[PDB]
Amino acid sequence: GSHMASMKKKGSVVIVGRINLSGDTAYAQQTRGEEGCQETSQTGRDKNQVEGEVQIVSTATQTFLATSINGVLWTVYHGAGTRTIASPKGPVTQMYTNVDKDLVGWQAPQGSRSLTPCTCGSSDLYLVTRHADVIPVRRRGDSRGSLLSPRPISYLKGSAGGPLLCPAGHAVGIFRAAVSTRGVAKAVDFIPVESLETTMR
């Protein structure tokens, strides 16, 4: 537009729930409904308590996951773009933005818990989805892993930004894209945790 006075601003990313991994059962919890989400995206002021490692996040148009690792809440650029995140004190600007890696990060919210980067060098992995499914994945390269049991891409949609974990529960990567044939995901592409660690320097 040429009329700057009426140009709009995009809202903030808003935390609307979490994937609870604290007990013996993984389950999704919603912490904010759609009306409250819309309001919070506009103001960027979110006073809700944050807990856990894996957050469910939303914009006005999309919903996906974000994962705390080393004191940074990470997600995908294809979901968040350059948006701020809502926080108790107002919008918080990204501390990391890398379109080439499809990676963004903000300082981790107070109350969150961070995963530790994996140093195990192990190839037996576990992908956590927005529905709290824990999907076994065999690592197949730096940024790929195969599903032991393939799934329609519908099952994975909305889980970009979520973690791949090793057997000990360390972060191995951030889910980025599905490797799909005829709508069936046989594998996943992820941003390796080492790439996050390099971004942090």
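Residues carry their position along the shown sequence, with the first being 1.
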key: 147 to 155 set against 133 to 141, stretch whose average Cα temperature factor tops the other in the entry   = 147 to 155
message = Mean CA temperature factor from the deposited coordinates, higher in 5 to 13 or in 182 to 190?
response = 5 to 13
task = By the entry's C-alpha temperature factors, tell me which of 60, 54, 160, 171 sits highest.
result = 60
remark   = The third of the chain into which the C-alpha temperature factor of residue 37 falls is the highest
message = Looking at the temperature factor on the CA atom of residue 105, which third of the chain's modelled residues does it land in?
response = lowest
task = Looking at the entry's B-factor column for C-alpha atoms only, identify whether residue 113 ranks in the lowest, middle or highest third of its chain.
result = middle
ask   = Should residue 177 be placed in the lowest, middle or highest third of its chain by the C-alpha B factor in the entry?
value = lowest
query = Sorting the chain's CA B-factors, does residue 122 end up in the lowest, middle or highest third?
reply = highest
